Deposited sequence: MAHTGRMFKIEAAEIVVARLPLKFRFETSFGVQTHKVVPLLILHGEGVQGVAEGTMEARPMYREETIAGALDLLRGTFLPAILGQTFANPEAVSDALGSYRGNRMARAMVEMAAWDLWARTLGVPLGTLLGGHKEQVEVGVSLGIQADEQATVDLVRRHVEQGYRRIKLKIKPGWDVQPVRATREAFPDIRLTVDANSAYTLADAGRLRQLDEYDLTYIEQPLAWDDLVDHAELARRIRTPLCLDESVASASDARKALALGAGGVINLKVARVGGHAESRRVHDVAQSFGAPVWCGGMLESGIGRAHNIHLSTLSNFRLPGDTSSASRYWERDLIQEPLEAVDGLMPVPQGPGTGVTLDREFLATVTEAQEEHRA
């Protein structure tokens, strides 16, 4: 039945990397259970527009007062109770995603299962930064191929793109290879990006501006390598517009950027209706976010590998009791209700910068 949101905690952690990362968490309490979600907004707006200070002020001053004490039928009803406000999708996603976890836990049912997924494991890829030269790129690719990753992504930039890609594909004729172009190109670079075409990249990720679709559509007329959109798809209607315009043929789907699981499933279904795949993007999540990501990724149109690689690659020690470790390019879905993971409250306390509790 229906669920009442009785209380909420905001906990900001400073989690040591394997030098630190600020992890904002929301915990929603109701019906004897709790839901947890992780904010992916940063202190300054670098990947996208939101910030921790804007987001938390929005939570504590607006979203939380709107839902505390109220009774809801499902997470969609929780989101609807916030809906006047414009943008701020990552802030919204904190509430929406904690709601999904809480709801799922009142039912005793895994999150992915309620979203309609039925994979027990999800394929994972790996992201490589810019290396000093070709052979150094190939060596690191060769390592990750031997570890069993199912997709290799190379970071590229003007002056360093065809070379790493050429050297890599020469050494690995059949692997799934992609590049992250990190909005560093313009339409003048069309001829240079077109030189990648002979290397059969599965896609080039967001080569032009972060909030553009229109110029992406033009670039896609000039090269044959498929484009993948990231920051410019923040909703199902964006997804529709991107695919119908021919802005790309693949979507990097990040649950929090689009406002949470319900809207993420909509992006996923829109893309599928165009027969375009999505894959799960990553944002250096602690185990809370990683676990939400893994559950979302069990949906059937996540047909390319996702950035939900091992937590040990990022954190000396994670915020959850359960280890999220990929083996042979496969990450298992964590067992249990909701996300299937559990905050380690004592460890969390040792790295808590700040916390607060709100009631009705």
Deposited-sequence ranges lacking CA coordinates, in order, are 1 to 5, 24 to 33
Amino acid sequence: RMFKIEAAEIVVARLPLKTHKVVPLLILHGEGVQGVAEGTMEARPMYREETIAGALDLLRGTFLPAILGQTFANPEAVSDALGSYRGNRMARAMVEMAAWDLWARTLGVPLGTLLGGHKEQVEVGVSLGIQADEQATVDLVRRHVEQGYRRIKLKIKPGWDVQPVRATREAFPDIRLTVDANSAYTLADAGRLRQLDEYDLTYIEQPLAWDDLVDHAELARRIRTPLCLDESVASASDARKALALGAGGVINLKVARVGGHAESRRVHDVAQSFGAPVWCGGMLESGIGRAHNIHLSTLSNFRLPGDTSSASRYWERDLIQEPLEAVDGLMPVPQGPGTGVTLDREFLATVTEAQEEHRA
From here on, numbers count along this sequence of modelled residues.
Mean B factor on CA atoms, stretches 232 to 240 and 76 to 84, record says higher is 76 to 84
For 129 to 137 versus 158 to 166, entry-based mean Cα B-factors point to 129 to 137
Highest CA B factor of 36, 330, 68, 291, as deposited, is found at 68
Assert third(CA B-factor, residue 304) within chain per record equals lowest
Entry-reported C-alpha B-factor of residue 282 relative to its chain, by third, is highest
Temperature factor at the Cα of residue 254, chain-ranked in thirds, falls in the lowest
Quick tally, chain-level thirds of C-alpha B-factors: residue 321 sits in the highest
Residue 43: CA B-factor among chain residues, third -> highest
